[PDB]
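Quick heads-up: it's one chain on its own, the form deposited in one PDB entry, in structure tokens.
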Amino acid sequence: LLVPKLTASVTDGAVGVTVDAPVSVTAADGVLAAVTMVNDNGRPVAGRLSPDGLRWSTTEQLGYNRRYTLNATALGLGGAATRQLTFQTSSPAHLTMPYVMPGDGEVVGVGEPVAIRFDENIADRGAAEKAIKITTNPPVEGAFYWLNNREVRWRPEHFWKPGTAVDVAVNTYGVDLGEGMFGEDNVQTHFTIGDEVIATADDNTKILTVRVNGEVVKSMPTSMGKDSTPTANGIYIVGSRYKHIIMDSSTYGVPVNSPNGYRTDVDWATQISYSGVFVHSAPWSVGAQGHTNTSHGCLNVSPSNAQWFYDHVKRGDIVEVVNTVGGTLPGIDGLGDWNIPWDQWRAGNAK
């Protein structure tokens, strides 16, 4: 007759046991009569034993920098076995919290990338990528690309298909993200892609034309950036929107009282670059809109048109600017992700 056998997911004496997984204990040739786990001043850890008595597991988050002790006994027809195991979990040098966009339960446009922004520089980009599980339905190929040391993005090759569900599980709790930096917590979000909405600003016509699922629904005369401060060409992702906002050039590197600085309150503002390009109300230039460029790079349009754009365009919709004298919007702007060729995006930069 067989002696019961105990198998724990930790070994007695271990150090740097990671806290991304539950701790478990299994009986063979018998059943579990007692399992307790206790931290280093006696508080019980909390867990659940399967109905068949074979498998026990912790049910709550385990702590960084803890010394836990696990006592288990198995009883069988042919005897008893008891073990005591003591182990120490990872003690980070630092913690980093991830922040995910877009918002949970949001409906976003077809240009919206998955964004995971860490509040510290990530030394092991690959470990971060690996901890982030993205589910798509319908499934589509995508890839990670890092905009800077803290923020990674995931997206498909092409604009999302309307009706796609996107799920993002950032499972960074207990993960060593490099040089003793570990995840502070897990985060989750789920969003859905909505209608296809692409607004094109053509500098040859000075019109911003808004297309919803391939159809023109609005034509907006506009005044883009003057030759000395032109609007960059390329694909811009729509971000945040404001009933009114004080636009302050010092927010974007540029001192208010320098030659290209400004501080002005404007209405009906939709952000389309982190470099500070917005679509907004410009009563002062209604004359020029349709004819000449007068701005610092913003898409000046009429008050009714900026408000229309506020109401009808959402986060993740697209604006494409073409034929200006400017360059191309940088890939790494923050809202310029689609300007990076797919082959480069896909190869990634996890080193």
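All residue numbers are counted from 1 along the displayed sequence. In this text, the rigid core denotes the largest set of C-alpha atoms whose superposition between the two forms falls within 1.5 Å.
In 7 other deposited structures of this protein, rigid core aligned: more displaced of 246-254 and 189-197 by C-alpha RMS = Of the two stretches, the larger average C-alpha offset in 7 other deposited structures of this protein falls on 246-254.
Hey, after superposing on the core, which one moves around more in 7 other deposited structures of this protein, 206-214 or 258-266, CA-wise?
-> Taking the RMS over all superposed structures in 7 other deposited structures of this protein, 258-266 lies farther out.
Should residue 87 be counted as unmodelled in at least a third of the other PDB entries compared?
-> Yes; at least one third of the other entries leave residue 87 out.
Is it true that residue 77 goes unbuilt in a third or more of the other compared entries of this protein?
-> Comparison shows residue 77 dropped in at least a third of the other entries.
Mind pulling up the entry and telling me whether 4-12 or 342-350 has the higher mean Cα temperature factor?
-> Per the PDB record, 4-12.
Average Cα temperature factor in the PDB entry - higher stretch of 314-322, 292-300 = Taking the mean B-factor of the alpha carbons in each, 292-300 is higher.
Of 194, 102, 98, 225, which one's C-alpha B factor is largest in the deposited record?
-> Top of the list by C-alpha B-factor: 225.
Residue, from 261, 156, 234, 109, that the PDB entry assigns the highest Cα B-factor = Of the options given, 261 has the highest CA B-factor in the PDB entry.
How does residue 137 rank on Cα B-factor within its chain, lowest, middle or highest third?
-> Lowest third of the chain for residue 137's C-alpha B-factor.
If you rank the chain by CA B-factor, which third does residue 148 end up in: lowest, middle or highest?
-> Tercile = middle for this residue's CA B-factor.
Relative to the other modelled residues of the same chain, rank the CA B-factor of residue 213 and answer lowest, middle or highest third.
-> As the PDB entry reports it, the C-alpha B-factor of residue 213 lands in the highest third of its chain.
Among modelled residues of the same chain, the CA temperature factor third for residue 94 | Within its chain, residue 94 is a highest-third residue by C-alpha B-factor, going by the deposited values.
Third of the chain, ranked by Cα B-factor, where residue 244 sits = Answer is middle: the recorded C-alpha B-factor places it there.
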